[PDB]
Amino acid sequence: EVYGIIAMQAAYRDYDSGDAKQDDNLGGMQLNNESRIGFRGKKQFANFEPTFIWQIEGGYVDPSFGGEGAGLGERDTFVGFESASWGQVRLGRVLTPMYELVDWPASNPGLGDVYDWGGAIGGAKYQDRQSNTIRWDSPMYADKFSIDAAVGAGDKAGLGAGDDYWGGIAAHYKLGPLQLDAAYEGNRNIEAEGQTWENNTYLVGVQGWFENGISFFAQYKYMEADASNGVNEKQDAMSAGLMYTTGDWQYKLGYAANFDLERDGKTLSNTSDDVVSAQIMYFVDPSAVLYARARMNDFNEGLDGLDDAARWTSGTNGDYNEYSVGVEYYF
């Protein structure tokens, strides 16, 4: 099968970095073309009861702040087997059970700079899409609850330049109109800032859809990290959104926040992020959306890592506001 998401976003960014040239560069209007082509298949092997499944999805063909061009396999790309009895196992490049919940519902609309890859923790809060990963997805037992479980090699291990690995698990529970989410991920042998780290991230969350037209999601994230030199860091974050859908319209208010990081017992002042976002979406077709979105990002003021050099965050480049329109079509 050929499949694709044709998706373009026109976005104006006004930056407030404290330098006018830096404000001018990062800022301006760009087109964020997240269109992608994928190939997929299912296949019943003659001599194996579980059905063979496979997918190869390409990258964004021209995202903003980046050059043109994507290859096949840049996004979720795997082989695997699936069964009605025990769910599906997948090998290759997938979302980690923890990341999947961070991305959806928790990173939309436009909350990703804070809640996705934002944050000041050292090491690796979690992995997002990772190659060399095996992920088991359980069925929806009793039409109520599901389990996601994965282990994989780390970013350096997949280039033969390290021994990092990671494991994660997530569970979902249906409670009438609500879904309770809980997820966990641990990263080991993470080499950065001249140390070897261990990360542990925990997430709990709720999403609800109700027949009156209101839907909401709410998540709490607690990320801990310990270095080989004995320093321990802790960071909190949360994300929530409110949506009222009436006819062909969806109103959404989104908010997320990273809180001040705690290092070895000290609160580092001004290491917190938060973003507030509003989005109005029009269901222009059963297979497409049009949308307008506004967001305000207030990022942290900086922090150094355990090598006495600045630690990169989504706040490095500066505070900014974004006004965007976009379209997404699925085939």
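Numbering starts at 1 and runs along the sequence shown.
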Worksheet item: Once you work out the mean C-alpha B-factor for both 162-170 and 210-218 from the entry, which is higher?
Response: 210-218
Practice prompt. Would you tell me which stretch averages the higher CA B-factor in the PDB entry, 78-86 or 139-147?
Written response: 139-147
Fill in: Maximum C-alpha temperature factor, selected from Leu26, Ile56, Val61, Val284
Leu26
Worksheet, complete the sentence: Residue set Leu268, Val289, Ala46, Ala70, per-entry CA B-factor max assigned to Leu268
Practice prompt. Would you mind checking where the Cα B-factor of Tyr184 ranks among the modelled residues of its chain, as the lowest, middle or highest third?
Written response: middle
Fill in: Ranked C-alpha temperature factor of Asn32 among modelled chain residues, by third
lowest
Fill in: Chain thirds of CA B-factor: placement of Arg295
middle
Fill in: Lowest, middle or highest third - CA B-factor, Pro50
highest
Item to complete: Ordered by C-alpha B-factor within the chain, which third holds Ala227? Give me lowest, middle or highest, please.
Response: highest
